[PDB]
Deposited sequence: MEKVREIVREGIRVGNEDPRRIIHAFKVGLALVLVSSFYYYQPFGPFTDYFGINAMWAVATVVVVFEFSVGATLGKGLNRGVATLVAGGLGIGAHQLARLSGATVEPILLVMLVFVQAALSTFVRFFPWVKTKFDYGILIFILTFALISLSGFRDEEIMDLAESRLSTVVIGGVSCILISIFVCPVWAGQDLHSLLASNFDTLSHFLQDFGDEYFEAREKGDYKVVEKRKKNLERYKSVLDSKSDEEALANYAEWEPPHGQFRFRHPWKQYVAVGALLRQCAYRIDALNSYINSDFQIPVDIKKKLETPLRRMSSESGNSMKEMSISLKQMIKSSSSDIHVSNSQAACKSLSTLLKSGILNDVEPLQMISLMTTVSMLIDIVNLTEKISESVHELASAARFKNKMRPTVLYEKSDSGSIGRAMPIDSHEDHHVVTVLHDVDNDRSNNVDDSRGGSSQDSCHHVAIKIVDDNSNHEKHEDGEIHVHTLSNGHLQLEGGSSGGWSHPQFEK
């Protein structure tokens, strides 16, 4: 009874985190009902020959092929389709040759050709190009060749069997793709777009909050969560960006997104934000340490550090705003030039010799923080140029 309560509240939070998981769970069952009723009630005619010979394979296709995104099922469906076509042609050819050879060497020769192909294709599944794009196609290539060659049929039956396999894969895959595209779509390109703009938002949050909280019992643990967990969620999402980009390359043009859309540029901007998260991680550790400088030693540098941190935070905020609405923007340029002027003001402040009355270990912590902020300012200048190049590549609208 107790673990029943735990699993129903776990289901409650999994559904509450994204409700499109509930709609995807209904779309899978709808595709199963649609495919099974097509092969049972047989609408236009009582099809025979290869049409209604096998119908468990259509349900196998729909269960395997359906996926949460649109590019995920389109990738699985197109891989399964072309692999079944090619391996079906090679399977009919293998049965022709092995029948032509002999009558008792025929199971021997067929199992040797299956050994050779499997070995050949299992080695090709370690190539990096085939690994990132078409690994499932090579698996279905092995599978379909070994189904057709190692069956116990003959020169007509094999032909019917190959056609049946090809036709039931096409019907199951097309039913999956039409329900995926036309009911409630979950585009992976929109999820990559939203994940990028959310990452910009969390970094802007830390920069403004560092501009305040650098110069100050459960509230300490609350702000500990609010600082640490956000940029630590940025660092652990290299893989999510990689996966959504591989899916979003498969999708058709929808809405605002053009047919050609630069997803590799999205992963490049994600990598630059991860470098900013490295520097933000270093700052956080120093902030949370126990060895803290006396506060007025920071208060003699409190002006241009506040200006640098706040203006780079506003630059990240304006870039996230311009990516959420897909426009070309020029607010980030003004907020970047202000941080550049603040860095030059700090460089003229440091020659004034205001740090000649300070212990050098405090100077170690102080010059670490100044170096981290200068690095983050130059990094946000790079991300501003890169987001501008992404905004011209995707042909964002020119409204502003």
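Could you list, start to end, the deposited-sequence stretches with no C-alpha atoms?
Seq positions lacking coordinates: 217 to 221, 406 to 509.
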